[PDB]
Amino acid sequence: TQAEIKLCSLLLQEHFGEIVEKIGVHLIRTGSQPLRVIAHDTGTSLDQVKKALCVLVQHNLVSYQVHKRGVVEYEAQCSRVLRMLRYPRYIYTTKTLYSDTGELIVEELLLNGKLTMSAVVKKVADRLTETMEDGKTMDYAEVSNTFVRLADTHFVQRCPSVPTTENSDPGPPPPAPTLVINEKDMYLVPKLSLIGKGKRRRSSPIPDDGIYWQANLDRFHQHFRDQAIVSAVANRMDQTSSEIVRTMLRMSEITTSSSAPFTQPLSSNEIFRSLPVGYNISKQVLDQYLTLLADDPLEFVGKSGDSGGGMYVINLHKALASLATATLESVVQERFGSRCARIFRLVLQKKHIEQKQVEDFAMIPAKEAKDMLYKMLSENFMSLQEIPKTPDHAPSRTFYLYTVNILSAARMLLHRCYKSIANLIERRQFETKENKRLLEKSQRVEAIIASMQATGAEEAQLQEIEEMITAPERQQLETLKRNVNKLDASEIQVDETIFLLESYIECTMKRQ
Amino acid sequence: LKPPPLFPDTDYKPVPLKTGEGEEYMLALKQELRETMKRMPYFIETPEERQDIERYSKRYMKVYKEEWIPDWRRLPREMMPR
Amino acid sequence: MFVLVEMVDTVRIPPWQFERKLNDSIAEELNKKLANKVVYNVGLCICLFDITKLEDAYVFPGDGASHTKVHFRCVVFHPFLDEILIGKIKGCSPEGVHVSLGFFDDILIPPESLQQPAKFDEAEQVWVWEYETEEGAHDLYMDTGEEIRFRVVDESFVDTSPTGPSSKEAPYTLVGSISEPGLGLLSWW
Amino acid sequence: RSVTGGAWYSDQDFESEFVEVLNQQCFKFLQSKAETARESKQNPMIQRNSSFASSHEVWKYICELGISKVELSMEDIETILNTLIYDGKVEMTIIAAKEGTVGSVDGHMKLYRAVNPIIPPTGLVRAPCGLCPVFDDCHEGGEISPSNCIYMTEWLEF
Amino acid sequence: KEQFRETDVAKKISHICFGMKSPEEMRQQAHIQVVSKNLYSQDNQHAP
Ligand code: SF4
């Protein structure tokens with residue numbers, strides 16, 4: 001997992017800096033360890049180690065556990081180190097589903113790691129002062145309404161609570177507080193009525209103490225999976241079918257398990273009554289779509305019963321498999337053309353086959369199929385089974401049967417993507433560090449121009465500062481800017497593939 | 001005789017990138033974030049060190065900040081910043 | 001300007017020196033070894049200051065020269081930024097005026113540091129001067145001149161270590177400022 | 001299999017240009033018929049029925065315009081249509097030979113009628129690294145590095 | 001005047017670490033790649 005290790009490293013550098021990156025990489029390379037050995041191996045001052053570890057545990061990047069003989073073991077979760085890349089995605093979806101107040105709520109919750117109700121609502125109200133002017137005021141009522149709506153919709157989840165000292169282990173406290181998570185109060189928001197008008201940057205006790213909250217990444221991922229499924233169906237059959245899929249996913253979510261291959265049983269009568277009234281559809285029309293969807297050769301949904309006449313269940317894992325297939329065939333077709341995507345999907349359907357059958361079945365011309373078959377064999381996109389003609393398995397006594405392996409595929413495509421995000425960050429940083437000299441040379445003069453502007457200084461500075469050499473370099477600065485922009489957009493997009501890959505490798509993994 | 005260029009010619013070239021108001025908004029949000037996590041105590045930069053000489057100016061531009069302290073009930077009683 | 005820095009090193013003494021008391025021998029050796037050369041990090045070494053501590057003198061096999069380790073301190077030339085200083089001129093240039101400190105000469109006074117009114121000469125490399133009421137563009141700085149007053153504003157070390165398999169500028173640089181009143185030729189003040 | 005090779009073998013190549021242009025012609029025409037179906041959105045049972053581009057009628061379309069003067073009757077056309085059914089141009093809708101014209105002949109409507117995919121090119125292939133041949137051979141530390149990768153350079157240069 | 005470098009590099013062995021070499025590092029060490037099968041030039045100079 002060296003590529004992943006590097007991704008962790010560069011994310012820590014980007015987001016936290018040097019010492020934090022050092023401690024993080026060391027911990028993910030060493031696993032659970034007590035403080036003293038970590039400080040010894042690193043060799044740095046224990047104050048820096050302590051400070052790093054508390055900032056990481058504040059954002060839940062690391063955890064601490066009481067261990068045998070009373071020592072405290074400290075461990076870091078590698079997966080959580082790959083979530084800040086999706087913070088724009090979380091912010092966008094909450095902005096789509098909630099007003100900018102919810103966007104700011106999620107922003108504060110993420111960037112602070114954890115927050116309490118009073119702290120988060122007060123901070124959001126205070127920061128929103130930059131958004132409203134001309135005497136407009138902000139009261140915690142609407143902020144609290146948006147947060148409780150978020151929590152009810154499962155997007156915001158409560159942090160584990162500390163145990164009660166007077167109720168457990170009286171006397172000298174243990175080395176670590178050993179926090180305990182409670183599920184019945186998971187989305188049970190604390191109650192408050194305080195309101196405070198935001199201070200508009202004029203430059204002139206907690207009722208919910210200990211009730212910390214954090215963003216529900218699982219809910220975000222589930223929402224992303226729903227969006228992907230809805231999009232898949234939209235391209236597949238029709239917008240009406242897509243809206244039906246958007247619908248039965250909605251009642252599915254409120255009751256289905258995130259890991260189950262199949263949703264809870266859903267009838268057409270409940271779909272119709274919960275179906276939006278803005279579409280001119282009857283119950284019989286809905287039944288027709290559901291019956292013809294269940295008859296889909298891709299088996300996207302299955303009947304699975306007959307209660308209420310219309311009875312259907314979506315196959316999440318099978319849909320994810322189709323998603324994983326489509327993305328893999330996407331890469332193949334741009335890397336090798338339609339014919340390569342043709343030869344493979346032939347092999348996907350024909351589980352076992354050899355060159356002559358492939359050529360016959362696709363008229364891939366002689367001296368073309370074989371060479372291409374050798375090439376994408378070299379890419380590990382195809383596995384050779386090689387049955388014997390004799391128990392020696394000699395090359396003259398074997399048949400070269402071809403065989404697919406989707407799971408291994410999804411894995412080392414994902415590794416490809418991991419190396420992808422890394423070497424982009426390498427170039428973005430390489431460009432940033434090479435241009436830093438001109439950047440600071442332009443920023444200092446820009447600050448000079450921007451400074452003492454409201455003071456009423458004379459206008460003989462705008463033109464007199466621009467005669468410098470950076471003026472015929474602004475186009476190069478914009479060249480760098482669009483280059484970083486163009487890099488970033490691809491990074492954003494790559495994260496969109498990553499979701500499909502990670503979702504399928506997760507679902508196919510049984511976790512036993 | 002001669003090993004090739006380090007950079008062989010390839011017929012297939014990277015698929016063109018997307019653009020749109022949503023993508024631009026996400027890029028702006030990404031720029032905002034990369035500008036944001038530099039401005040709070042969680043961004044633990046290296047402490048200031050190795051003063052050169054006893055300059056008089058130090059009385060004014062000294063950086064002052066609060067000793068950040070989380071909810072200590074939630075952490076072991078072993079890393080007090082004092 | 002002068003800085004005293006702590007130093008440790010190991011030295012070899014050939015046998016014919018055994019007649020002398022060891023401290024003076026090690027002192028003169030350390031001086032010849034250090035004196036009149038510059039360090040990439042702390043500036044120009046002048047001469048040893050004092051020898052503080054001495055270890056035991058070993059006699060390694062395969063040689064007859066006693067080896068020993070010293071703790072000592074030395075005086076180094078290392079002016080700090082914004083330091084005032086007086087030094088002779090050594091030559092004019094389009095990029096500024098070169099100033100000599102007698103034992104050191106890599107000081108430049110660029111035209112940005114020079115007074116605004118005078119920006120170039122009458123094609124003669126001798127830098128000229130210009131003011132408002134008096135000094136009608138007739139005063140000029142002699143390549144030798146007096147020990148003009150100036151304040152350093154920049155300094156840099158440049159490494160000149162060998163590169164590649166085996167088989168000219170000074171490695172230590174400074175920049176001065178002369179714009180402010182009272183700076184430059186004392187005849188003006 | 002020799003001189004025969006399927007009668008498309010002509011010129012001893014499977015006549016690659018003619019087989020690919022014949023496949024493209026077949027695809028486009030049956031798109032046109034399935035497009036009549038989709039434009040009409042005929043009471044969807046009949047929409048999908050007209051989207052069963054009858055491949056007996058495809059076979060009678062491909063004998064004409066002087067395309068398949070070479071051996072055409074089922075076997076050869078049906079198998080070239082099958083070479084198009086191999087790949088993602090198509091998905092399972094033959095309903096055996098009995099439902100449809102000999103099963104719309106190997107199901108030469110199946111889901112050619114609607115090859116419509118469900119996703120745009122992966123952000124990876126959009127990026128240089130994605131297509132960059134020396135992708136894993138871009139050992140930054142070594143010669144090939146993102147900070148010089150001519151592909152990255154070019155991709156970003158434009 | 002010139003910047004000072006140490007004049008002696010005398011040192012003694014203390015330990016030997018065994019291991020293998022990674023291919024990118026193996027290429028970094030190597031001066032060049034050999035690519036021609038044959039040994040000497042066709043001409044009567046017997047040059048490599
Ligand atoms: S060579 Fe450059 S563009 Fe290609 S994969 Fe490596 S880093 Fe990416």
# chains A, B, ... in the order shown; residues from 1 in each chain; ligands from 1
>>> residues_around(residues="segment 65-70 of chain A", least_positions_apart="4", cutoff="8 Å", atoms="only C-alpha atoms", output="PyMOL selection string")
chain A and resi 74-75+175-176+178
>>> residues_near_ligand(ligand="ligand 1", cutoff="12 Å", atoms="only C-alpha atoms and all ligand atoms", output="PDB file with N, CA and C atoms, in the first residue's frame")
ATOM      1  N   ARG A 416      -4.297   2.305  -9.691  1.00  0.00           N
ATOM      2  CA  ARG A 416      -3.988   3.273 -10.736  1.00  0.00           C
ATOM      3  C   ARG A 416      -4.490   4.658 -10.350  1.00  0.00           C
ATOM      4  N   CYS A 417      -5.753   4.751  -9.925  1.00  0.00           N
ATOM      5  CA  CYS A 417      -6.296   6.045  -9.523  1.00  0.00           C
ATOM      6  C   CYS A 417      -5.513   6.637  -8.362  1.00  0.00           C
ATOM      7  N   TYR A 418      -5.130   5.810  -7.389  1.00  0.00           N
ATOM      8  CA  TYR A 418      -4.378   6.334  -6.255  1.00  0.00           C
ATOM      9  C   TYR A 418      -3.087   6.987  -6.722  1.00  0.00           C
ATOM     10  N   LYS A 419      -2.302   6.269  -7.524  1.00  0.00           N
ATOM     11  CA  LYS A 419      -1.119   6.876  -8.124  1.00  0.00           C
ATOM     12  C   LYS A 419      -1.493   8.096  -8.950  1.00  0.00           C
ATOM     13  N   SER A 420      -2.710   8.117  -9.498  1.00  0.00           N
ATOM     14  CA  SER A 420      -3.153   9.265 -10.282  1.00  0.00           C
ATOM     15  C   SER A 420      -3.256  10.516  -9.429  1.00  0.00           C
ATOM     16  N   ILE A 421      -3.961  10.428  -8.307  1.00  0.00           N
ATOM     17  CA  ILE A 421      -4.131  11.612  -7.477  1.00  0.00           C
ATOM     18  C   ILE A 421      -2.781  12.092  -6.970  1.00  0.00           C
ATOM     19  N   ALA A 422      -1.883  11.157  -6.666  1.00  0.00           N
ATOM     20  CA  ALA A 422      -0.584  11.523  -6.115  1.00  0.00           C
ATOM     21  C   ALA A 422       0.211  12.379  -7.091  1.00  0.00           C
ATOM     22  N   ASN A 423       0.454  11.862  -8.298  1.00  0.00           N
ATOM     23  CA  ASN A 423       1.350  12.560  -9.213  1.00  0.00           C
ATOM     24  C   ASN A 423       0.745  13.849  -9.742  1.00  0.00           C
ATOM     25  N   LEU A 424      -0.570  14.016  -9.629  1.00  0.00           N
ATOM     26  CA  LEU A 424      -1.158  15.330  -9.858  1.00  0.00           C
ATOM     27  C   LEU A 424      -0.725  16.306  -8.784  1.00  0.00           C
ATOM     28  N   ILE A 425      -0.902  15.908  -7.531  1.00  0.00           N
ATOM     29  CA  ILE A 425      -0.507  16.747  -6.412  1.00  0.00           C
ATOM     30  C   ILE A 425       0.974  17.061  -6.511  1.00  0.00           C
ATOM     31  N   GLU A 426       1.765  16.085  -6.955  1.00  0.00           N
ATOM     32  CA  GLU A 426       3.170  16.333  -7.253  1.00  0.00           C
ATOM     33  C   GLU A 426       3.331  17.474  -8.252  1.00  0.00           C
ATOM     34  N   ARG A 427       2.623  17.418  -9.384  1.00  0.00           N
ATOM     35  CA  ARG A 427       2.763  18.503 -10.352  1.00  0.00           C
ATOM     36  C   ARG A 427       2.186  19.809  -9.825  1.00  0.00           C
ATOM     37  N   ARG A 428       0.998  19.774  -9.218  1.00  0.00           N
ATOM     38  CA  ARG A 428       0.450  21.020  -8.690  1.00  0.00           C
ATOM     39  C   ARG A 428       1.428  21.657  -7.716  1.00  0.00           C
ATOM     40  N   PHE A 430       4.741  21.013  -7.633  1.00  0.00           N
ATOM     41  CA  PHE A 430       5.925  21.398  -8.396  1.00  0.00           C
ATOM     42  C   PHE A 430       5.721  22.747  -9.063  1.00  0.00           C
ATOM     43  N   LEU A 487      -5.926  20.872 -13.549  1.00  0.00           N
ATOM     44  CA  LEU A 487      -5.546  19.753 -12.688  1.00  0.00           C
ATOM     45  C   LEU A 487      -6.633  19.449 -11.667  1.00  0.00           C
ATOM     46  N   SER A 490      -9.782  17.637 -12.867  1.00  0.00           N
ATOM     47  CA  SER A 490      -9.562  16.216 -13.090  1.00  0.00           C
ATOM     48  C   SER A 490      -9.513  15.462 -11.767  1.00  0.00           C
TER      49      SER A 490
ATOM     50  N   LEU B   6      12.684   8.917 -24.419  1.00  0.00           N
ATOM     51  CA  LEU B   6      12.054   8.635 -23.137  1.00  0.00           C
ATOM     52  C   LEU B   6      10.536   8.743 -23.209  1.00  0.00           C
ATOM     53  N   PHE B   7       9.996   9.285 -24.300  1.00  0.00           N
ATOM     54  CA  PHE B   7       8.602   9.711 -24.385  1.00  0.00           C
ATOM     55  C   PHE B   7       8.019   9.256 -25.716  1.00  0.00           C
ATOM     56  N   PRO B   8       7.613   7.992 -25.810  1.00  0.00           N
ATOM     57  CA  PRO B   8       7.111   7.468 -27.083  1.00  0.00           C
ATOM     58  C   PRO B   8       5.779   8.084 -27.473  1.00  0.00           C
ATOM     59  N   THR B  10       2.017   8.210 -28.658  1.00  0.00           N
ATOM     60  CA  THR B  10       0.816   7.424 -28.404  1.00  0.00           C
ATOM     61  C   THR B  10      -0.342   7.980 -29.220  1.00  0.00           C
ATOM     62  N   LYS B  13      -5.228   9.657 -26.862  1.00  0.00           N
ATOM     63  CA  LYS B  13      -4.865  10.806 -26.063  1.00  0.00           C
ATOM     64  C   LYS B  13      -5.950  11.066 -25.023  1.00  0.00           C
ATOM     65  N   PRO B  14      -5.606  11.691 -23.900  1.00  0.00           N
ATOM     66  CA  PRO B  14      -6.561  11.815 -22.790  1.00  0.00           C
ATOM     67  C   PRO B  14      -7.878  12.450 -23.210  1.00  0.00           C
TER      68      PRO B  14
ATOM     69  N   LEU D 124     -10.306   9.785 -14.728  1.00  0.00           N
ATOM     70  CA  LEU D 124      -8.924   9.281 -14.925  1.00  0.00           C
ATOM     71  C   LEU D 124      -8.513   9.484 -16.390  1.00  0.00           C
ATOM     72  N   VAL D 125      -9.293   8.940 -17.328  1.00  0.00           N
ATOM     73  CA  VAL D 125      -8.918   9.033 -18.772  1.00  0.00           C
ATOM     74  C   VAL D 125      -8.890  10.517 -19.175  1.00  0.00           C
ATOM     75  N   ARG D 126      -9.666  11.364 -18.491  1.00  0.00           N
ATOM     76  CA  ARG D 126      -9.614  12.821 -18.775  1.00  0.00           C
ATOM     77  C   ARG D 126      -8.221  13.339 -18.388  1.00  0.00           C
ATOM     78  N   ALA D 127      -7.704  12.892 -17.241  1.00  0.00           N
ATOM     79  CA  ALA D 127      -6.372  13.338 -16.765  1.00  0.00           C
ATOM     80  C   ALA D 127      -5.276  12.759 -17.665  1.00  0.00           C
ATOM     81  N   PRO D 128      -4.035  13.298 -17.626  1.00  0.00           N
ATOM     82  CA  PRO D 128      -2.900  12.776 -18.442  1.00  0.00           C
ATOM     83  C   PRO D 128      -2.486  11.414 -17.909  1.00  0.00           C
ATOM     84  N   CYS D 129      -2.060  11.363 -16.642  1.00  0.00           N
ATOM     85  CA  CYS D 129      -1.690  10.074 -16.007  1.00  0.00           C
ATOM     86  C   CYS D 129      -2.575   8.955 -16.573  1.00  0.00           C
ATOM     87  N   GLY D 130      -3.898   9.143 -16.535  1.00  0.00           N
ATOM     88  CA  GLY D 130      -4.833   8.127 -17.053  1.00  0.00           C
ATOM     89  C   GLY D 130      -4.337   7.544 -18.361  1.00  0.00           C
ATOM     90  N   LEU D 131      -4.231   8.377 -19.397  1.00  0.00           N
ATOM     91  CA  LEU D 131      -3.794   7.886 -20.729  1.00  0.00           C
ATOM     92  C   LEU D 131      -2.264   7.748 -20.738  1.00  0.00           C
ATOM     93  N   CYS D 132      -1.568   8.567 -19.945  1.00  0.00           N
ATOM     94  CA  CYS D 132      -0.082   8.538 -19.929  1.00  0.00           C
ATOM     95  C   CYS D 132       0.397   7.081 -20.002  1.00  0.00           C
ATOM     96  N   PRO D 133       1.033   6.652 -21.113  1.00  0.00           N
ATOM     97  CA  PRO D 133       1.517   5.250 -21.282  1.00  0.00           C
ATOM     98  C   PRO D 133       2.474   4.905 -20.150  1.00  0.00           C
ATOM     99  N   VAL D 134       3.460   5.774 -19.914  1.00  0.00           N
ATOM    100  CA  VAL D 134       4.421   5.553 -18.793  1.00  0.00           C
ATOM    101  C   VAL D 134       3.716   5.932 -17.482  1.00  0.00           C
ATOM    102  N   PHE D 135       2.445   5.544 -17.344  1.00  0.00           N
ATOM    103  CA  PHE D 135       1.676   5.867 -16.114  1.00  0.00           C
ATOM    104  C   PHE D 135       2.481   5.418 -14.904  1.00  0.00           C
ATOM    105  N   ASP D 136       2.637   4.102 -14.745  1.00  0.00           N
ATOM    106  CA  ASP D 136       3.377   3.552 -13.579  1.00  0.00           C
ATOM    107  C   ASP D 136       4.876   3.728 -13.827  1.00  0.00           C
ATOM    108  N   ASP D 137       5.253   3.984 -15.082  1.00  0.00           N
ATOM    109  CA  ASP D 137       6.686   4.166 -15.434  1.00  0.00           C
ATOM    110  C   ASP D 137       7.078   5.626 -15.194  1.00  0.00           C
ATOM    111  N   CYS D 138       6.201   6.399 -14.546  1.00  0.00           N
ATOM    112  CA  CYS D 138       6.496   7.824 -14.252  1.00  0.00           C
ATOM    113  C   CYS D 138       7.172   7.956 -12.882  1.00  0.00           C
ATOM    114  N   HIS D 139       8.022   6.995 -12.516  1.00  0.00           N
ATOM    115  CA  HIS D 139       8.710   7.024 -11.196  1.00  0.00           C
ATOM    116  C   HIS D 139       9.242   8.435 -10.938  1.00  0.00           C
ATOM    117  N   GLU D 140       8.418   9.306 -10.349  1.00  0.00           N
ATOM    118  CA  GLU D 140       8.824  10.715 -10.110  1.00  0.00           C
ATOM    119  C   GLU D 140      10.318  10.772  -9.765  1.00  0.00           C
ATOM    120  N   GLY D 141      10.733  10.050  -8.723  1.00  0.00           N
ATOM    121  CA  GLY D 141      12.147  10.069  -8.306  1.00  0.00           C
ATOM    122  C   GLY D 141      13.071   9.861  -9.489  1.00  0.00           C
ATOM    123  N   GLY D 142      12.683   8.998 -10.434  1.00  0.00           N
ATOM    124  CA  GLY D 142      13.553   8.679 -11.583  1.00  0.00           C
ATOM    125  C   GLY D 142      13.250   9.537 -12.796  1.00  0.00           C
ATOM    126  N   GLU D 143      14.013   9.353 -13.878  1.00  0.00           N
ATOM    127  CA  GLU D 143      13.827  10.143 -15.123  1.00  0.00           C
ATOM    128  C   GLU D 143      12.368  10.596 -15.267  1.00  0.00           C
ATOM    129  N   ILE D 144      11.479   9.680 -15.653  1.00  0.00           N
ATOM    130  CA  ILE D 144      10.056  10.066 -15.889  1.00  0.00           C
ATOM    131  C   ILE D 144       9.459  10.556 -14.564  1.00  0.00           C
ATOM    132  N   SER D 145       8.976  11.798 -14.536  1.00  0.00           N
ATOM    133  CA  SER D 145       8.378  12.365 -13.301  1.00  0.00           C
ATOM    134  C   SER D 145       7.211  13.277 -13.690  1.00  0.00           C
ATOM    135  N   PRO D 146       6.096  13.307 -12.931  1.00  0.00           N
ATOM    136  CA  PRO D 146       4.962  14.231 -13.216  1.00  0.00           C
ATOM    137  C   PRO D 146       5.491  15.640 -13.445  1.00  0.00           C
ATOM    138  N   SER D 147       6.550  16.013 -12.719  1.00  0.00           N
ATOM    139  CA  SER D 147       7.123  17.380 -12.823  1.00  0.00           C
ATOM    140  C   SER D 147       7.838  17.578 -14.168  1.00  0.00           C
ATOM    141  N   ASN D 148       7.804  16.576 -15.048  1.00  0.00           N
ATOM    142  CA  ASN D 148       8.422  16.715 -16.396  1.00  0.00           C
ATOM    143  C   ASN D 148       7.674  15.810 -17.378  1.00  0.00           C
ATOM    144  N   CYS D 149       6.916  14.844 -16.854  1.00  0.00           N
ATOM    145  CA  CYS D 149       6.154  13.914 -17.721  1.00  0.00           C
ATOM    146  C   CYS D 149       5.652  14.677 -18.952  1.00  0.00           C
ATOM    147  N   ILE D 150       6.289  14.466 -20.105  1.00  0.00           N
ATOM    148  CA  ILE D 150       5.906  15.219 -21.337  1.00  0.00           C
ATOM    149  C   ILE D 150       4.377  15.160 -21.492  1.00  0.00           C
ATOM    150  N   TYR D 151       3.771  14.006 -21.205  1.00  0.00           N
ATOM    151  CA  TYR D 151       2.299  13.853 -21.343  1.00  0.00           C
ATOM    152  C   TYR D 151       1.630  14.850 -20.410  1.00  0.00           C
ATOM    153  N   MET D 152       1.892  14.732 -19.106  1.00  0.00           N
ATOM    154  CA  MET D 152       1.346  15.726 -18.149  1.00  0.00           C
ATOM    155  C   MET D 152       1.630  17.126 -18.706  1.00  0.00           C
ATOM    156  N   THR D 153       2.901  17.414 -18.997  1.00  0.00           N
ATOM    157  CA  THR D 153       3.280  18.730 -19.547  1.00  0.00           C
ATOM    158  C   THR D 153       2.320  19.088 -20.656  1.00  0.00           C
ATOM    159  N   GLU D 154       2.316  18.306 -21.737  1.00  0.00           N
ATOM    160  CA  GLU D 154       1.416  18.570 -22.887  1.00  0.00           C
ATOM    161  C   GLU D 154      -0.028  18.710 -22.388  1.00  0.00           C
ATOM    162  N   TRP D 155      -0.577  17.640 -21.812  1.00  0.00           N
ATOM    163  CA  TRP D 155      -1.980  17.671 -21.329  1.00  0.00           C
ATOM    164  C   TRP D 155      -2.260  19.012 -20.651  1.00  0.00           C
ATOM    165  N   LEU D 156      -1.337  19.468 -19.802  1.00  0.00           N
ATOM    166  CA  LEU D 156      -1.547  20.738 -19.062  1.00  0.00           C
ATOM    167  C   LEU D 156      -1.199  21.926 -19.971  1.00  0.00           C
ATOM    168  N   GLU D 157      -0.201  21.764 -20.844  1.00  0.00           N
ATOM    169  CA  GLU D 157       0.142  22.848 -21.804  1.00  0.00           C
ATOM    170  C   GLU D 157      -1.127  23.200 -22.595  1.00  0.00           C
TER     171      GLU D 157
END
>>> residues_around(residues="residue 55 of chain D", least_positions_apart="2", cutoff="7 Å", atoms="only C-alpha atoms", output="VMD selection string")
chain D and resid 53 57 to 59 101 104 to 105 108 to 109
>>> interface_residues(of="chain E", to="chain B", cutoff="10 Å", atoms="only C-alpha atoms", output="number ranges by chain")
E: 33-37
>>> atom_distance(atom1="atom CA of residue 447 of chain A", atom2="atom CA of residue 472 of chain A")
18.5 Å
